[PDB]
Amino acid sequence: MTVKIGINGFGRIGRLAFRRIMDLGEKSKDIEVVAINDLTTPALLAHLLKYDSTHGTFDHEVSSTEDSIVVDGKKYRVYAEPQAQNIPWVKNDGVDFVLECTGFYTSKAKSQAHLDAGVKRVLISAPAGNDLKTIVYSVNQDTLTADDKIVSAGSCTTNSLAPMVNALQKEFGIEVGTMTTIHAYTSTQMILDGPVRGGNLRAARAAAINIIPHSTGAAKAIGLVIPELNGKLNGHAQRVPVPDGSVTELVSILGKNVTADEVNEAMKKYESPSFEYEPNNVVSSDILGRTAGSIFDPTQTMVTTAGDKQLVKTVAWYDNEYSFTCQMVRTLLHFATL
């Protein structure tokens, strides 16, 4: 009785999901990747599965054939279909659910192509509009029903923010808040200054030698995940020169007067596999490979009070790649309970 996963797009997230699923399969969870769909040569995909500059070397023998990646002598078929309804992984490989990572299928309407191939459910690894559910595991996975065939995982930043916001909202109420995520550079940024698809003047700039402000949607979209905070949050990002590892700061007005210790005790109550409480004075390197969606840092909590007014700053780390990945894998497991 294994949940069988097809990965559409073997990019950074897809590969890490492959690694994560194999690790959980070793710890007896009933889940496996059975097939991949990607237009890149399998040899190149195998090599990128094996060697990662951020996440280390995969501790398994990895090779390839003409049409597969091989891991510890087991074949994983790599199809090369630009159109999802033509991937035969349901009948050939037993795919139940698809992790949709390509960027080309980021809406309810587009990803229905997988359902035409006999796929039961699709989890899109990106925000995908508001005519489907956006799920942050540990916050709102219980809103999923048998009828939810296409689901968004939101963004990496939504999965960092929502657990912290959820705890604050339940314990104190949030009236209004603004986020800044100090964030690792990502693969679509430019290595040196040059024209970028879309024409954005900041996306065009050398990523590993600049602090670069960037627009985000995770705070304005919080209402998709926690409806009672719809329209109460906003934010942005600063892209900085680390290759992975990010931190989300939230400054809030709460419905109640608090102390920093009180805030921190409240976060500790919501500790779970998706929401870690990390008091050991860590830096971004220490966060790489963490499996929680959001790693709350009580050492950075600050309450600033003047007269009757109070501002509350709460800070969560995340591995913008692996935290997000592991949140998605938990959501894929949750699909089997539907």
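When you see a residue number, it is the position in the sequence shown, counting from 1.
When the C-alpha B-factors of 288-296 and 65-73 are averaged, 65-73 comes out higher. Averaged over CA atoms, B-factors in the entry run higher in 88-96 than in the other of 159-167 and 88-96. Across 193, 142, 249, 244, the entry's maximum B-factor at the CA atom is seen for 142. Going by the entry's values, 24 shows the largest Cα B-factor out of 329, 16, 24, 316. Looking at the C-alpha B-factors along this chain, the one for residue 235 belongs to the lowest third. Among the modelled residues of its chain, residue 174 has a C-alpha B-factor that falls in the middle third, as given in the PDB entry. Annotation for residue 52: C-alpha temperature factor in the lowest third relative to the rest of the modelled chain, per the entry. When all modelled residues of the chain are sorted by CA temperature factor, residue 125 is found within the middle third. Annotation for residue 278: CA B-factor lies in the lowest third of the chain's modelled residues.
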